[PDB]
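# Understanding the architecture of this molecule
One letter stands for each residue in the lines below.
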Amino acid sequence: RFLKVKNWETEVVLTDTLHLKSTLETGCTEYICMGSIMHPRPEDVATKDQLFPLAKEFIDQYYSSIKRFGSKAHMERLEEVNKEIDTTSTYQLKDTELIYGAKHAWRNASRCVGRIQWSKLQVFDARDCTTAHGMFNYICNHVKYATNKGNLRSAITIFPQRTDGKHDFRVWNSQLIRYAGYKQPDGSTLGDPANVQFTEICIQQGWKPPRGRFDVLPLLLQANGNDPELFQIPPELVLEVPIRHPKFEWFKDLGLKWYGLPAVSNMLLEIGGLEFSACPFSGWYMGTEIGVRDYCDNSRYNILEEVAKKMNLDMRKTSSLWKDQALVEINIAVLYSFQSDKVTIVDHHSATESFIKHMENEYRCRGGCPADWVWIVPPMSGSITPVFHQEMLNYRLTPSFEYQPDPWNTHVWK
Amino acid sequence: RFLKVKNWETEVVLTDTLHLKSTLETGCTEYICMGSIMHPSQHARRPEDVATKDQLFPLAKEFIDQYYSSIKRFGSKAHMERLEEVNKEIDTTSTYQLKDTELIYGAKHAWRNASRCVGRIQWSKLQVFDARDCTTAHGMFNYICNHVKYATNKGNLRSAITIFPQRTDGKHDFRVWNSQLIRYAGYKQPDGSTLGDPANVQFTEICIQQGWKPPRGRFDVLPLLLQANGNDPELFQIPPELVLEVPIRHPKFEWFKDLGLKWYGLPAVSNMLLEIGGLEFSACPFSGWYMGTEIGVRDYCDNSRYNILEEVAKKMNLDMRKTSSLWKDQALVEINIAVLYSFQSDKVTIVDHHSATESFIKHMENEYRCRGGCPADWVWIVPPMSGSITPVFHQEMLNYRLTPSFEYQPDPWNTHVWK
Ligand code: HEM
Ligand code: HEM
Ligand SMILES: Cc1cc(N)nc(COc2cc(CCN3CCCCC3)cc(F)c2F)c1
Ligand SMILES: Cc1cc(N)nc(COc2cc(CCN3CCCCC3)cc(F)c2F)c1
Ligand SMILES: C[C@H](O)[C@H](O)[C@H]1CNc2nc(N)[nH]c(=O)c2N1
Ligand SMILES: C[C@H](O)[C@H](O)[C@H]1CNc2nc(N)[nH]c(=O)c2N1
Ligand SMILES: [Zn+2]
């Protein structure tokens, strides 16, 4: 009936009652914890009888949020949803419900350290969209609004929900802005090695690649289950930041840059049992996402050895900590570069601090805050951020952002 | 059914069947995960005090069965007699006694099963000091000193455990009251601040309240507070020649040595409970050698520990106005370089987090290859700095609770009735 979490740095103890409202699996069992597993069918669309309680729980939740639970408006809405689920095997969210649902899917996203901002989310209703060109128009507008000349604003564009599973809208891109990766005959990789497969798909589909190190990939948009189509985002809408270092003159000669807008486009938004297979959302970067993961993962841009060399570090023994030392300067560079170009960014320290403040506030007013310590802790300097010392309960509330199969793994080509 | 773990850096998938042998709850359910909770579960294997026969024997049968299975017996004459020997023993003493071999097996396998330990690749290479004949705090001291001396081994550290007599009724517990054998005092200053190690302030007070004369410095090795057969604990001063200490200097910053910092060489956990076939060894100090990040990240930089980042940052001439300068991160690296360089130049065994995590991946491979799995706690295995540039960050881990094991136990001062 109650669970406690303790910060071992401050001794503060919070009491989680919200986890009683979770209803879906974590992957853990009573005797094995799967807390570090990253991911614990198209005929799988909810039956009528499956949708009824899921819609009821979400509509109940929504009217409780606006302090209208039990109200005549609550009861009629509840009756109105059941009518559509009966007549049409599905139902349609009102705009208020869509906005509440999208905001609460972010709020419920246990892996996201940025949720102190959840209620500040621009929701673009794109459920009238019917074609890939239309999705392109919507996404360009998303990108322009969110980028806001460097003063980033978080935003989500919601395309039509799933119907039979055979007419899904999908952004085939995993993020809206990503650099291409190209494998060379000699086995080396040009660009972002994470996107080699997606770059091949685009190339095959008709895209003519510049074959450079920072080619923004084209959108690959699927509307209504049709074949996906290519669109080049207009380059004046892709805000980019050249990476220089405040102290090392040579750093700019690495020729590094990154894009300013992090925009996840491969995830599924589930509101009231409705599934929105195409719902790109964006915010602004934490420095480590670029500085530690994008640049320093061995499977990614892999510049640690490049950087440590320019730093004249001893790289024969790990215990010199050359990797660690070089990782810090890259992450300084990334933050300095964004900040100098007045492009919104947040360092892992400010971000984790904000999240602790946000978590404590969510325990006060909501009864808890599901959190994935494996994801919340930044990928460098973990214990010197306050979330490291923070105990966290992980559970799945709905509305939620979910993962879904890659479109090419399931699409049936026309 | 049969669970898979993947390593996202290498795409290696391992298949875990060992988890089927798990005994105790993790704290998790299908609906809530507790993987970041430090003490998620109070599920023990036996009740409060001295157990009935139906409580202790099935645990004993299980461990004996496991140990005789381990050595290609099971059902052999020795195994069946051992079952009867243990049964009669519980019948007549409400407990039983481990053979020396079963004791060594159990201590090694508790370390092998320690889901939070990144250093388990050495698990089978553990020196077990049977001290089950001990009877007094003076005895406990003798044993602990021999442990420290053997384990320290003039810098070439060696893994050891020293196993004092098991719990009987709960009144006559043996306990090392120190959480680790070698820790620095912590002193509550008049002006609100803290000198020394702030984590140890309370234990330091117990020691002073027990008659210890504090030198009142920043690196005052604490005395031992040893409790034998439930009696009042007794202070003992570890002879300093036995406490190997490394002065921290830096290979480039010559000003670093002037920070006046040192650490001890021997990490030696002395407050855990070793659990084997229902038997509880409330005093089982175990030691190995440090991962550098334990001293330089956690012991030195945690806000409620030595907290030397501002000092080292200031000396480095760092923008400390905002977080985005990453001044903490820069100092943190230099500090851990200093720790590693000092231990290596004094030829005191130490491992860096790159080497240690690389080894643990190798250990995982081995364990899945021959044991069908390896329980690991990602939250504890991933080092506290530079997580993602180490192999374990990218390695899915299954956590489950295997016996024999080390367990946490209450701090004896919360429980002990003085006399
Ligand atoms: C506004 C600033 C934001 C910041 C600084 C931020 C920060 C982060 C970071 C660092 C991660 C881990 C990313 C990774 O390691 O791949 C993450 C994950 C995530 N964020 Fe946020 N985020 C922000 C906004 C948002 C928004 C606007 C949404 C949705 C409306 C959102 C939903 C999520 C989700 C669902 C995840 C988990 C992804 C997964 O499960 O794989 N975030 N965030
Ligand atoms: C030989 C070198 C060893 C290394 C490098 C090593 C490394 C580590 C580290 C870094 C931790 C986490 C430390 C912390 O943040 O508190 C840990 C935990 C642990 N280790 Fe090992 N260890 C070693 C030896 C041993 C031995 C010999 C044993 C038992 C005989 C052992 C049993 C454990 C246990 C039970 C934990 C969990 C502690 C807790 O829950 O608080 N380790 N180890
Ligand atoms: C809204 C939002 C804000 C933020 N600050 N961050 C995110 C997550 O953003 C990205 C994450 C990645 C890598 C995704 N990662 C790959 C390995 C497997 C796990 C997922 C690439 C990108 F382009 C991203 F924008 C989302
Ligand atoms: C055998 C062994 C080897 C090794 N390499 N490391 C360890 C861990 O030993 C220590 C651990 C701590 C901190 C314990 N921690 C405090 C915060 C709350 C959680 C528990 C302090 C020390 F002095 C230690 F020696 C043990
Ligand atoms: C909240 C969290 O469980 C706590 O701070 C943990 C995190 N991981 C850890 N990992 C190790 N190795 N040692 C620790 O003390 C901790 N502390
Ligand atoms: C296996 C492990 O869960 C995996 O490497 C996780 C660890 N934590 C992470 N945390 C974040 N923020 N992003 C990630 O991609 C990962 N990867
Ligand atoms: Zn779990």
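For chain B, the PDB entry supplies the name Nitric oxide synthase, brain and the organism Homo sapiens.

The name recorded for chain A in the PDB entry is Nitric oxide synthase, brain, from Homo sapiens.

### Observations concerning the overall build of chain B
Broken down by element type, chain B carries eleven helices and 18 strands. Taking 2.2 N^0.38 as the reference for a compact globule, 419 residues should give roughly 22 Å; the C-alpha atoms of chain B span a radius of gyration of 23 Å, in line with that estimate. Expressed along its principal axes, the backbone C-alpha trace of chain B runs to roughly 70 × 60 × 40 Å. Classification of the 419 residues of chain B by burial places 57% in the buried group. Relative to all contacts within chain B whose residues are 6 or more apart in sequence, the contacts with residues 24 or more apart total 67%. Total accessible area on chain B stands at roughly 17,900 Å², and carbon and sulfur atoms take up 51% of it. In chain B, the 48 positive side-chain charges and the 50 negative ones have mean positions that sit 3 Å from each other.

### What to know about the domain arrangement of chain A
Residue and element names in this part refer to chain A. Split into domains, chain A comes out as domain 1 (16-127 + 154-164 + 268-282 + 352-376), domain 2 (128-153 + 168-239 + 403-407) and domain 3 (240-262 + 285-350). Relative to domain 3, the C-alpha centre of domain 1 lies at a distance of 35 Å. Across the contact, six residues belong to domain 1 and six residues belong to domain 3. Taken together, both faces of the contact between domain 1 and domain 3 bury some 400 Å²; the carbon and sulfur share is 44%. Our enumeration of links across domain 1 and domain 3 arrives at zero salt bridges. Contributions of two or more residues to the side of domain 1 that touches domain 3 are made by strand 15 (281-282) and helix 9 (348-366). The leading source of residues in the side of domain 1 that touches domain 3 is helix 9, at three residues. For the side of domain 1 that touches domain 3, the residue count by class is two nonpolar, three polar and one charged.

### Concerning the domain arrangement of chain B
Residue and element names in this part refer to chain B. Partitioning chain B into structural domains gives domain 1 (16-132 + 159-169 + 273-287 + 357-381), domain 2 (133-158 + 173-244 + 408-412) and domain 3 (245-267 + 290-355). Just the C-alpha atoms count here: the centres of domain 1 and domain 3 sit 36 Å apart. On the side of domain 3, six residues touch domain 1, which itself brings six residues to the contact. When domain 1 packs against domain 3, the two sides together hide about 390 Å² of surface, and 48% of this comes from carbon and sulfur. Counting every contact that joins domain 1 to domain 3 gives zero salt bridges. The interface formed by domain 1 and domain 3 includes six residue pairs in polar contact. Contributions of two or more residues to the side of domain 1 that touches domain 3 are made by strand 15 (286-287) and helix 9 (353-371). By residue number, the principal contributor to the side of domain 1 that touches domain 3 is helix 9, which donates three residues.

### Points about the environment of A:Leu335
With respect to the helices and strands, the residue A:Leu335 is situated in helix 8 (residues 322-340). Given a relative accessible area of 1%, A:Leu335 falls into the buried group. The spatial distance from the C-alpha of A:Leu335 to the C-alpha of A:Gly291 is 8.4 Å, given a sequence separation of 44 residues. With near-sequence residues (within four places) excluded, A:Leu335 lies in contact with A:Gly287, A:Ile345, A:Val346, A:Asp347, B:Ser324 and B:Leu326.

### So, the packing of helix 8 of chain A against helix 8 (residues 327-345) of chain B
The interhelical angle for the contact between helix 8 of chain A and helix 8 of chain B, taken along N-to-C directions, is 170°, at an axis separation of 9 Å. The angle between the axes of helix 8 of chain A and helix 8 of chain B places the two elements in the roughly antiparallel class. Here helix 8 of chain A contributes A:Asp324, A:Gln325, A:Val328, A:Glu329 and A:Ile332 to the contact with helix 8 of chain B, which in turn contributes B:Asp329, B:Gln330, B:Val333, B:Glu334 and B:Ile337. Per-class residue counts for the contact of helix 8 of chain A with helix 8 of chain B are four nonpolar, two polar and four charged.

### What about the side chain of A:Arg300?
All names here are of chain A. Considering the arrangement of structural elements, one finds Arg300 in the loop between helix 6 (287-296) and helix 7 (304-310). The class for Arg300 is buried, based on a relative accessible area of 12%. Of note is the side chain of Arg300, whose polar atom sits 2.8 Å from the side chain of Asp192. A distance of 2.8 Å separates polar atoms of two side chains, one belonging to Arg300 and the other to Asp294. Sequence-distant contacts of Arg300, defined by excluding residues within four places in its chain, comprise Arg178, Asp192, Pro193, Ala194, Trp258, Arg293 and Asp294.

### Points about the site of ligand 3
Residue and element names in this part refer to chain A. Around ligand 3, the structure places 13 residues, and the nearest of them are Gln175, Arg178, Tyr259, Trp284 and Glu289. A distance of 3.1 Å is found between a nitrogen atom of ligand 3 and a backbone nitrogen or oxygen belonging to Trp284. Contacts to ligand 3 include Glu289, whose side-chain N or O atom sits 2.6 Å from a nitrogen atom. Taking 600 Å² as the accessible area of ligand 3 by itself, protein coverage stands at 65%. Grouping the constituent residues of the shell around ligand 3 by class yields nine nonpolar, two polar and two charged. Counting contributing residues, the shell around ligand 3 receives three or more from each of domain 1 (16-127 + 154-164 + 268-282 + 352-376) and domain 3 (240-262 + 285-350).

### Side note on the coordination of the iron atom of ligand 1
If you check the protein contacts of the iron atom of ligand 1, you find one donor only, A:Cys112 (SG), at 2.4 Å. Position of A:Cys112 among the secondary structure elements: in the loop between helix 3 (95-107) and strand 3 (122-125).

### So, the side chain of B:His19
Among the structural elements, B:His19 can be located in the loop between strand 2 (12-16) and helix 1 (53-70). Setting aside residues up to four positions removed in sequence, B:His19 forms contacts with A:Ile32, B:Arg1, B:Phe2, B:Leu3 and B:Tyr400.

### Brief notes about helix 9 of chain A
Residue and element names in this part refer to chain A. Taking 1.5 Å of rise per residue, 19 residues should cover 27 Å, and helix 9 covers 25 Å from first to last C-alpha, within 8% of that figure. For helix 9, the full list of buried residues reads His348, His349, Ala351, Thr352, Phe355, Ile356, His358, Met359, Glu362, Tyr363 and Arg366. For helix 9, the N-terminal cap is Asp347; the gap from its side-chain oxygen to the backbone nitrogen of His349 is 3.0 Å. The first or second residue beyond helix 9 is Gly367, which carries a positive phi of 90°.

### Focus on the coordination of the iron atom of ligand 2
From the protein, the iron atom of ligand 2 takes a single donor atom, B:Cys117 (SG), 2.3 Å away. With respect to the helices and strands, B:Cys117 occurs in the loop between helix 3 (100-112) and strand 3 (127-130).

### With respect to the site of ligand 1
Residue and element names in this part refer to chain A. Around ligand 1, the structure places 17 residues, and the nearest of them are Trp106, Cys112, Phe281, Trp375 and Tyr403. Take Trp106: an N or O atom from its side chain is 3.2 Å from a nitrogen atom of ligand 1. One of the side-chain nitrogen or oxygen atoms of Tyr403 is found 2.4 Å away from an oxygen atom of ligand 1. Classifying every residue of the shell around ligand 1 by side-chain character gives twelve nonpolar, three polar and two charged.

How each quantity is defined
Residues numbered from 1 in each chain as written, not as in the entry; some residues may be left out. Chains lettered and ligands numbered in written order. Heavy atoms only, no water. Helix = DSSP H or I, 4+ residues; strand = E, 2+ residues; numbered from the N terminus. Rg over C-alpha atoms; globule rule 2.2 N^0.38 Å. Buried < 20%, exposed > 50% of the residue type's maximum accessible area, 1.4 Å probe, protein only. Contact = heavy atoms within 4.5 Å. Areas by Shrake-Rupley, 256 points an atom, 1.4 Å probe, with all protein chains shown as cover. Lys, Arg positive; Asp, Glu negative; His and termini not counted. Charge placed at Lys NZ, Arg CZ, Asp CG, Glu CD. Domains from an automatic or database assignment. Buried area = accessible area lost by both parts, 1.4 Å probe. Salt bridge = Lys/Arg side-chain N within 4 Å of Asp/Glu carboxyl O. Nonpolar A, V, L, I, M, F, W, Y, C, P; charged D, E, K, R; others polar. Polar contact = N/O pair within 3.5 Å; in protein donor to acceptor, adjacent residues only side chain to side chain. Axes fitted to C-alpha atoms, helices over the stretch in contact; angles between N-to-C directions. Parallel < 35°, antiparallel > 145°, perpendicular 65-115°, else oblique. Near = heavy atom within 4 Å. Donors = N, O, S within 2.8 Å, 3.2 Å for Na, K, Ca; no water. Expected span 1.5 Å × (residues − 1).

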